[PDB]
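J.: This is the structure I have questions about; it appears just below.
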RNA sequence: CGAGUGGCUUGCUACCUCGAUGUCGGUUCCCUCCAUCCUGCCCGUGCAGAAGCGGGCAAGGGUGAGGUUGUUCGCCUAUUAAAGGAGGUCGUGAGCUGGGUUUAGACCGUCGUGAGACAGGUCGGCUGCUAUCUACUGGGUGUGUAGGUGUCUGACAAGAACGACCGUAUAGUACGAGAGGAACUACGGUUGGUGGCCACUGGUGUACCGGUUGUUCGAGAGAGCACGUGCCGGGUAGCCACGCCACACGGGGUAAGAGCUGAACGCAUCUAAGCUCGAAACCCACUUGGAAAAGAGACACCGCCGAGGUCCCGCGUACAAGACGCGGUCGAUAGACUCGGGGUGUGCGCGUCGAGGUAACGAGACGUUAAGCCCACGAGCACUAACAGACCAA
RNA sequence: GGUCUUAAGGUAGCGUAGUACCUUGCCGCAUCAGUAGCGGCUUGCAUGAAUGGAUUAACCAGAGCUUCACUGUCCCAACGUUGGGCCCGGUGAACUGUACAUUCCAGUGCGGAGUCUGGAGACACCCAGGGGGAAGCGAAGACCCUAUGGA
RNA sequence: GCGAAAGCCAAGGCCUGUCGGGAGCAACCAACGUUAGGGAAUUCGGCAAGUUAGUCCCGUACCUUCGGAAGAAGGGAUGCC
RNA sequence: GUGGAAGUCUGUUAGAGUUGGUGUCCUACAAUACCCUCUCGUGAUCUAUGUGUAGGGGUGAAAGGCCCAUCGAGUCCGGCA
Ligand SMILES: [Cl-]
Ligand SMILES: [Cl-]
Ligand SMILES: [K+]
Ligand SMILES: [Mg+2]
Ligand SMILES: [Mg+2]
Ligand SMILES: [Mg+2]
Ligand SMILES: [Mg+2]
Ligand SMILES: [Mg+2]
Ligand SMILES: [Mg+2]
Ligand SMILES: [Mg+2]
Ligand SMILES: [Mg+2]
Ligand SMILES: [Mg+2]
Ligand SMILES: [Mg+2]
Ligand SMILES: [Mg+2]
Ligand SMILES: [Mg+2]
Ligand SMILES: [Mg+2]
Ligand SMILES: [Mg+2]
Ligand SMILES: [Mg+2]
Ligand SMILES: [Mg+2]
Ligand SMILES: [Mg+2]
Ligand SMILES: [Mg+2]
Ligand SMILES: [Mg+2]
Ligand SMILES: [Mg+2]
Ligand SMILES: [Mg+2]
Ligand SMILES: [Mg+2]
Ligand SMILES: [Mg+2]
Ligand SMILES: [Mg+2]
Ligand SMILES: [Mg+2]
Ligand SMILES: [Mg+2]
Ligand SMILES: [Mg+2]
Ligand SMILES: [Mg+2]
Ligand SMILES: [Mg+2]
Ligand SMILES: [Mg+2]
Ligand SMILES: [Mg+2]
Ligand SMILES: [Mg+2]
Ligand SMILES: [Mg+2]
Ligand code: NA
Ligand code: NA
Ligand code: NA
Ligand code: NA
Ligand code: NA
Ligand code: NA
Ligand code: NA
Ligand code: NA
Ligand code: NA
Ligand code: NA
Ligand code: NA
Ligand code: NA
Ligand code: NA
Ligand code: NA
Ligand code: NA
Ligand code: NA
Ligand code: NA
Ligand code: NA
Ligand code: NA
Ligand code: NA
Ligand code: NA
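Residue numbers (the entry's author numbering), protein chains in the order written: chain V, 4 to 56; chain L, 1 to 132; chain D, 1 to 337.
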């Protein structure tokens with residue numbers, strides 16, 4: 004799997020999947036990303052993110 | 001009961017106010033008890049995903065309010081671990097009113113449902129829109 | 001009415017004092033069933049990582065599917081049975097009779113013992129065989145030791161010695177088997193005793209935490225509500241009733257917590273290998289890199305990184321052995337981050 | 001109606017204390033009793049089954065959460081296998097709390113001429129002490145057994161290390177007109193308790209990095225203060241639980257009870273002699289402690305002019321002092337350095353762009369730049385420091 | 001009862017009261033469940049008019065109750081910061097002390113014993129701890145009664 | 001900055017609210033920070049702690065002695081250049 | 001619109017007080033202290049200095065409060081052994 008946020012390859016047996024209100028799904032590879040997301044930021048504007056890269 | 005096929009961290013307590021994920025006319029729920037549960041001196045009875053709890057209607061239609069019904073925990077905010085090591089958490093804590101036979105009192109279930117809930121409550125499941 | 005509640009902590013692991021030997025001493029051995037063999041082995045804890053496996057459990061509705069398991073890595077290099085000790089039955093229990101030693105000793109076994117320079121192997125062997133003839137021969141065990149030098153991550157070189165029972169078919173058949181093992185050079189490996197999929201009881205001296213308060217040492221509550229602001233926060237209500245007029249040992253009190261011996265039952269051996277496949281990127285924290293004979297034990301293992309742990313074929317397993325579990329993945333991701 | 005047991009209730013008595021044995025309730029923490037609420041085994045039944053009712057053995061374990069009331073008690077709710085009771089100075093204030101009782105202030109009602117009273121109500125109203133002895137929890141030093149190292153034994157000691165429930169198959173089966181509706185056994189899980197561990201999730205993280213407000217160092221750069229981080233954002237290790245792993249069966253002897261053989265008493269009889277079975281209870285099993293077990297242990301080797309040990313030096317898998325464990329050039333124990341592995345999030349400067357403005361000036365954007373800064377971890381590496389050396393010892 | 005004591009015999013109000021013994025009164029509201037609270041009822045053990053009655057905007061570190069929000073008050077505890085605590089140098093008290101004292105389980109005794117009696121256990125010294133006991137220390141008991149006491 | 005407010009800083013004064021040294025510095029205690037999910041279930045009682053917060057615009061109930069209630073409530077904005 | 005009233009409001013301005021924490025202390029720093037919190041803060045306000053009232057007497061917005069750590073009758077000495 005790939006983290007739906009930064010895009011790095013999520014290490015098997017690792018990561019959290021957040022189920023949205025509407026039913027949508029987002030697999031985060033780390034707390035750091037989940038938390039960048041909760042701030043309302045978009046991975047594309049973070050230079051450390053594989054997404055941005 | 002049947003194995004949920006997952007490990008749960010009860011995210012709820014007696015006195016907890018959750019969402020009623022169905023169209024029964026019941027908006028909010030108040031956890032009163034947890035089926036089959038016996039705690040320990042000073043421990044607040046805890047309830048989580050896939051637990052059949054007893055409830056009381058906090059908000060909704062006048063005729064539904066104050067009623068002591070049974071239900072099933074469909075979603076929680078606290079994370080739950082699946083067989084592959086992943087964690088799963090939802091946007092809120094919600095349950096669905098159920099009857100003696102465990103059949104949804106309602107017609108439709110609003111929002112997503114944890115797959116695990118299927119393996120215990122079919123009719124509830126077979127009533128679901130989205131099963132995560 | 002005062003609700004009931006079970007006492008805090010168990011009275012089955014006491015006194016709760018520091019351990020005498022940092023090296024574990026089993027006080028029970030497996031039953032003499034199958035062929036002759038050493039009933040134990042040791043190694044040094046390294047760390048933890050998970051592994052993906054194929055549901056092996058036949059009664060599982062998931063048998064056959066993926067499943068992430070937590071595994072503790074243990075460097076289990078070879079050991080050396082340097083001697084065979086014999087015990088004789090007596091009106092006062094079992095007592096050591098004599099011993100059969102060798103001549104080939106590990107370069108650094110003298111950092112612990114005063115290695116034999118003159119020993120009569122045959123007289124010993126005779127004495128034993130005459131005991132057996134008389135039928136006063138009690139069980140038989142091998143004085144063994146580890147080779148810390150074989151493990152770079154472990155600073156010690158001074159070997160850890162420990163006696164381990166040899167169970168086998170007939171006494172005569174396993175007596176011989178023992179002697180054969182010793183005579184060689186005593187050198188044996190985890191493979192010669194265990195096989196992946198089997199269950200083993202892992203002994204070891206837990207992690208020490210010096211003196212700790214009852215709250216942590218015994219799991220008693222902290223002072224609650226307003227009581228917690230009055231000058232007492234982590235002290236128990238009382239040391240007892242007016243009468244009897246004495247403090248009963250069963251009451252939770254402060255003390256030495258940790259560094260106690262613990263024999264953790266039914267641990268599943270997920271895999272016995274060799275190399276650096278289990279090692280993690282960056283190196284196991286506060287340990288190092290693994291790359292030699294190792295073992296993957298399911299779950300956790302008492303003791304802190306670098307501590308010697310001891311294996312033994314489970315003496316009271318609950319399940320049947322489901323040999324060599326298929327390992328589809330072992331995580332090497334850094335234990336940092 | 002008659003005979004009793006208990007010492008939880010209440011009363012009687014006035015033996016003990018008035019140079020003070022701190023009150024009620026609660027709380028916290030520990031041990032116990034059985035007259036047993038649940039759980040195990042049984043007997044009877046107005047026992048078809050299921051659900052009960054009554055009774056017997058049994059105290060191993062459990063017996064929980066809430067609403068009113070200071071309440072004990074009790075009422076009420078929803079869960080529950082069940083939500084049993086009692087003793088321990090109505091256990092527990094050199095432990096807590098202080099709502100009530102029971103000081104001084106005050107009100108109301110009743111009584112009183114009045115001061116003032118109440119076995120009435122009400123609002124307010126203080127919780128001292130550095131532990132000598134003993135006790136226990138943990139930690140050391142000596143001596144005895146009578147030179148050292150290593151490995152054990154096991155007299156005895158502790159345990160609940162496990163308790164219980166739900167679900168599936170058995171089975172819509174036995175039973176039953178039907179309604180309804182079991183079991184043995186085999187499985188999966190949960191709950192409480194227990195011991196341990198941190199790969200994973202989660203918390204901390206005043207290590208660390210960034211953003212930013214006020215002010216000061218003239219600006220810039222780089223910094224100090226704002227309580228022991230200004231605030232906000234992120235967070236490694238470690239420690240942790242809300243995270244993870246592990247916690248039998250089976251033998252042996254019994255209670256109640258079910259029976260065998262069997263006599264006194266030709267018969268009969270589970271008992272008088274003998275015997276087969278039979279409880280979550282008892283013993284063993286398993287974990288943990290245990291040569292100070294005075295019958296003060298056993299074995300192997302080393303050594304008695306030398307084995308081993310203390311101090312010394314570098315450090316922790318250890319640690320309040322002490323102890324413990326490891327390394328010491330025949331070396332990777334600590335640091336430097338360089339990699340690796342990680343945390344932040346793109347440095348200074350300079351270049352271009354920039355709403356505008358005559359200009360001066362210009363918040364900020366992009367590039368250089370996964371940059372800059374940083375790390376309680378690992379590896380490589382004798383470069384630095386483990387040097388020198390003292391001592392005890394049959 | 002359809003007067004008598006002793007003059008009159010409770011009017012407006014208010015009322016289960018900060019006054020109501022019965023009492024958790026009855027009904028309602030509210031809650032899963034409300035000896036609380038609020039409303040109605042009210043025969044008020046033992047309300048009521050300057051012994052002031054009813055009522056009432058504003059005000060209040062005044063007494064009771066409910067909701068939203070909030071949160072380590074709780075479930076259930078964790079980690080961290082600073083000052084102690086612990087070791088070292090210096091300084092250096094006090095409380096308390098009939099004597100003896102390593103106690104424990106029972107018993108006995110003026111009926112609440114480290115010291116008596118029977119047993120059990122117990123090698124000596126020291127460090128830290130939290131305070132079970134010494135009916136621990138502190139105060140010639142404030143309660144109660146007694147004195148041909150005091151104010 | 002509304003300010004004789006907070007915070008920072010001069011001048012001036014001081015290191016004399018006068019014992020020090022050492023241990024990642026344990027248990028326990030005093031002051032305190034942060035705690036996931038839940039959210040008063042704690043308790044005599046929400047005690048303690050927390051939440052809210054400055055300024056401007058919009059808007060504001062019952063009741064009232066017309067003074068008040070009222071900053072009711074509720075909603076929006078807030079920098080730098 | 002002006003005007004700027006008030007035993008008016010907010011307010012750790014100064015200053016006055018003392019609600020809660022039943023916190024810290026309780027052989028104290030202190031024979032009434034410390035801290036946080038809180039009340040008042042243009043008035044029946046607070047305060048310095050001077051001055052008046054004396055013991056069954058003062059003073060008392062009244063608590064039997066206060067009259068030099070002494071108050072249901074101050075303190076000293078005497079009556080008094
Ligand atoms: Cl419940
Ligand atoms: Cl408490
Ligand atoms: K008395
Ligand atoms: Mg990760
Ligand atoms: Mg409780
Ligand atoms: Mg207190
Ligand atoms: Mg990690
Ligand atoms: Mg006492
Ligand atoms: Mg009985
Ligand atoms: Mg018992
Ligand atoms: Mg309660
Ligand atoms: Mg009592
Ligand atoms: Mg009790
Ligand atoms: Mg006291
Ligand atoms: Mg006490
Ligand atoms: Mg005290
Ligand atoms: Mg009181
Ligand atoms: Mg009260
Ligand atoms: Mg009162
Ligand atoms: Mg002697
Ligand atoms: Mg600072
Ligand atoms: Mg009423
Ligand atoms: Mg009232
Ligand atoms: Mg009149
Ligand atoms: Mg004696
Ligand atoms: Mg007296
Ligand atoms: Mg009196
Ligand atoms: Mg008189
Ligand atoms: Mg929280
Ligand atoms: Mg409550
Ligand atoms: Mg408060
Ligand atoms: Mg004013
Ligand atoms: Mg003011
Ligand atoms: Mg004057
Ligand atoms: Mg008076
Ligand atoms: Mg004087
Ligand atoms: Na205190
Ligand atoms: Na305190
Ligand atoms: Na007491
Ligand atoms: Na009796
Ligand atoms: Na009595
Ligand atoms: Na006395
Ligand atoms: Na009490
Ligand atoms: Na029992
Ligand atoms: Na109650
Ligand atoms: Na008490
Ligand atoms: Na007290
Ligand atoms: Na048995
Ligand atoms: Na000995
Ligand atoms: Na009257
Ligand atoms: Na006032
Ligand atoms: Na806290
Ligand atoms: Na004591
Ligand atoms: Na005007
Ligand atoms: Na104050
Ligand atoms: Na006088
Ligand atoms: Na005199």
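Idealized CB from N, CA, C, for every residue including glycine.
Sorry if obvious, but does the Cβ on residue 335(D) come closer than 6 Å to a heavy atom of ligand 7?
T.: Result yes, Cβ under 6 Å from ligand 7.
J.: What are the residues that DSSP puts in a beta bridge with residue 331(D)?
T.: None; residue 331(D) has no bridge partner.
J.: Give the DSSP-derived three-state secondary structure of residue 129(D) in the structure shown.
T.: Three-state DSSP puts residue 129(D) in a helix.
J.: What is the DSSP secondary structure of residue 20(L), counted as helix, strand or coil?
T.: Reduced to three states, the DSSP call for residue 20(L) is strand.
J.: With a cut-off of 6 Å, give the chain-ordered residues whose Cβ is closer than this to any heavy atom of ligand 2.
T.: Residues with a Cβ closer than 6 Å to any heavy atom of ligand 2, in chain order: 223(D), 224(D) and 227(D).
J.: Per the contact definition of three or more C-beta pairs closer than 8 Å, is the segment 302-320 of chain D in contact with the segment 18-34 of chain D?
T.: Cβ pair count under 8 Å is three or more, so yes.
J.: For residue 333(D), return the contacting residues in chain V, with the cut-off set at a CB-CB distance below 8 Å.
T.: Those are 14 and 17, listed as they occur along chain V.
J.: Using the beta-carbon count (16 or more within 10 Å), is residue 130(L) buried or exposed?
T.: So residue 130(L) counts as exposed.
J.: Quick check on residue 52(L) - is its C-beta less than 7 Å from some C-beta in chain V?
T.: Taking Cβ atoms only, chain V never reaches closer than 7 Å to residue 52(L), which makes this a no.
J.: Under the three-state reduction of DSSP, which class applies to residue 123(L): helix, strand or coil?
T.: In this structure, residue 123(L) counts as helix in the three-state DSSP scheme.
J.: Would residue 122(L) pass as an interface residue toward chain D - the criterion being a Cβ-Cβ separation below 7 Å?
T.: No, its Cβ sits nowhere closer than 7 Å to a Cβ of chain D.
J.: Just reading off the beta strand (DSSP E) that residue 266(D) is part of, what are its end residues?
T.: It spans 261-275 - the beta strand (DSSP E) in which residue 266(D) sits, taken as one unbroken run.
J.: With distance defined between alpha-carbon atoms, name the residue in 49(L), 32(L) and 4(L) nearest to residue 93(L).
T.: Nearest C-alpha to residue 93(L): 49(L).
J.: Just to confirm, are residue 46(D) and residue 287(D) a CB contact at a threshold of 7 Å?
T.: In contact: residue 46(D) and residue 287(D) (Cβ atoms closer than 7 Å).
J.: Listing by chain order, which chain D residues have their CB less than 7 Å from the CB of residue 22(L)?
T.: Those do not exist, as residue 22(L) stays about 28 Å from chain D at its closest Cβ, beyond 7 Å.
J.: So, helix, strand or coil for residue 316(D), using DSSP?
T.: Three-state DSSP puts residue 316(D) in coil, outside helix and strand.
J.: Consider the Cβ of residue 85(L): report whether some Cβ of chain V lies at a distance smaller than 7 Å.
T.: Judged by the 7 Å Cβ criterion, residue 85(L) is in contact with chain V.
J.: Would you decide whether residue 320(D) is buried or exposed? Buried here means 16 or more other CB atoms lie within 10 Å of its CB.
T.: Label assigned to residue 320(D): exposed.
J.: Closer than 7 Å by C-beta to residue 36(D): which residues in its own chain qualify, once you throw out the five before and the five after it? Chain order, please.
T.: Hits under 7 Å: 166, 168, 169, 173, 174 and 177.
J.: Count the other CB atoms within 10 Å of the CB of residue 218(D); is the residue buried (16 or more) or exposed (fewer)?
T.: Looking at its Cβ environment, which holds 16 or more other Cβ atoms inside 10 Å, residue 218(D) is buried.
J.: Return the bridge partner residues of residue 252(D) from the DSSP annotation.
T.: For residue 252(D), which the question treats as bridged, DSSP gives no partner whatsoever.
J.: Rounded to the nearest angstrom, what separates residue 71(D) and residue 65(D) at their Cα positions?
T.: If I take the Cα positions, the gap works out to 18 Å.
J.: Which two residues bound the contiguous beta strand (DSSP E) that contains residue 89(D)?
T.: Per DSSP, residue 89(D) belongs to the beta strand (DSSP E) from 83-90.
J.: To be precise: take each residue of the segment 22-47 of chain L, compare its Cβ to all Cβ atoms of chain D, and keep it if any distance is under 7 Å. Which residues remain?
T.: From the segment 22-47 of chain L, only 40 and 41 have a Cβ closer than 7 Å to chain D.
J.: How about the segment 21-37 of chain V and the segment 2-15 of chain L: do they share at least three Cβ pairs that are nearer than 8 Å?
T.: Short answer: they don't touch.
J.: With a threshold of 7 Å between beta carbons, is residue 68(D) in contact with chain V?
T.: Interface residue, yes.
J.: Taking C-beta pairs closer than 9 Å, name the residues in chain V that residue 52(D) reaches, listed in chain order.
T.: Neighbours of residue 52(D) on chain V, chain order: 15 and 16.
J.: List, in chain order, every chain L residue whose beta-carbon is nearer than 7 Å to that of residue 35(V).
T.: Those do not exist, as residue 35(V) stays about 15 Å from chain L at its closest Cβ, beyond 7 Å.
J.: Starting from residue 101(D), trace the alpha helix (DSSP H) in both directions and tell me its first and last residue.
T.: Note, residue 101(D): premise wrong, no alpha helix (DSSP H); beta strand (DSSP E) at 93-101.
J.: Could you please tell me which residues of the segment 61-93 of chain D, in chain order, have their CB closer than 8 Å to any CB of chain L?
T.: Against chain L - using a Cβ distance shorter than 8 Å - the residues of the segment 61-93 of chain D are 61, 62, 65, 66, 67 and 68.
J.: Tell me which same chain residues have a C-beta within less than 7 Å of the C-beta of residue 68(D), skipping the five on either side of it?
T.: Contacts found: 50 and 52.
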